[PDB]
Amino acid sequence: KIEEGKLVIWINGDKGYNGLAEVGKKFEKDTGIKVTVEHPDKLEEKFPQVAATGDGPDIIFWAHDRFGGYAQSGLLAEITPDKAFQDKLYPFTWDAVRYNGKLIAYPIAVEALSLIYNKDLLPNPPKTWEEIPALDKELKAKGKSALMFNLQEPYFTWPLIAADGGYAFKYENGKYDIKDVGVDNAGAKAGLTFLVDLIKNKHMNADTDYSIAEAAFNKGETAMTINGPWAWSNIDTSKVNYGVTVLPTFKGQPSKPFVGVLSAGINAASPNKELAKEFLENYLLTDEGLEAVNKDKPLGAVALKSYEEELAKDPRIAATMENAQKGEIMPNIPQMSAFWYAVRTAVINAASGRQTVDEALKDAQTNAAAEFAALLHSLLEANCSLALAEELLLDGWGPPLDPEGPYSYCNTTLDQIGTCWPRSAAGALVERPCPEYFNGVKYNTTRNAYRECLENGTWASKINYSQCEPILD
């Protein structure tokens, strides 16, 4: 379990985590309570693995779309701010953190993607997507490129897939209809196809990802990127004379980014709920607190009314909001997880030529990717339970083991990679062969993973995968 008398906080690496820790440093000064900020990778998948078991951060930070699934699964504590406090933030930002009419997180800021462009390469950013192919052709002539953005995260390609009719779940009079999914409609198809054609036509690379794009943009190699506010800081530093503008249209339609409210949730299992509330309410959610984080990496349009009045006057925030209006707040329902996984899968396959646009989106429609993952996973789970079954069956009803072995084993367990660790004696360093298969990648199984069974009878929390070399060409 979490340590009593401190606060651990998970925020994502792209955000303003050093500003946040200064707010944490001020909280320490006053109360004496150590505040640690960490940014583990794949935070929003890591958080429910570890929280589910009574472990993890005191406070988690993320866009409100994952909180629905966290609260459904009972991992977030109900927050109770008083009336006075709720008047300090916007109504629509409480809406995003509401799950079954309970408030399950604090709103921090609104974030929407914008077209970021280089004023020296492009005095006039284009108004339409269609314009981009011709634009790339004349910038390739200058040893440069029209547009780079992260193609490996569906959040970035969605404004374009939604432009002309693609939608997650249909909204109808207050309710989302999880039986009405708009990923494989004609609009979704057109947008993805246009995106795949830019690649076939070598205007974009399938490989391109967050850091290649950021680097490429900040070095003045590409005229345009698509990113959020958090990215503006590293641009200011690169001294590229940059603008932030409305996303270009597709087939005359606005691109429709999905809008996120950055929110702060409290771990249901935390013994520090009270410290968390005071920290969030009296230190972070204040001009002082937000300005500290905004000055690290800009937050977008903040939820704290009084600070937003100062930030609202920035053309960049103005532009954030204009794309916000054109888009759509993300649903926060628990199916969001499967949704995102499906579209991630679809975009990547379509991008890399593994499936056609038709084939990819149809699988996203039918939820095939996440269902295959659940098949391989439940086979492993079953197999690891069976191993445990056997081990217990022996150790209880088999003939008496050595009147001189130990009472104290680490039990048969299945890690997050699918490796089943067998029941082992305390002190043991245990070798198991590297997964044959992991996230679409095949590994050399004649090398091993390593996990230590501690001298007390518990598995060490770190597992040594360092030796698992993939092999795919």
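The first residue of the sequence shown is number 1, and the count goes up from there.
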**Request:** Look over 452 to 460 and 14 to 22 in the entry and identify the one with the greater average Cα temperature factor.
**Result:** 452 to 460
**Fill in**
Of 343 to 351 vs 395 to 403, the stretch with the larger average CA B-factor in the entry is 395 to 403
**Request:** Using the B-factor values recorded in the entry, state whether the Cα atom of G32 falls in the lowest, middle or highest third among the modelled residues of its chain.
**Result:** highest
**Asked** By the record's CA B-factor, is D41 among the lowest, middle or highest third of residues in the chain?
**Response** middle
**Third of chain Cα B-factors occupied by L290** = middle
**Prompt:** What third of its chain's C-alpha B-factors does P123 belong to: lowest, middle or highest?
**Reply:** highest
**Message:** Using the temperature factors of the C-alpha atoms in this entry, rank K83 within its chain: lowest, middle or highest third.
**Reply:** highest
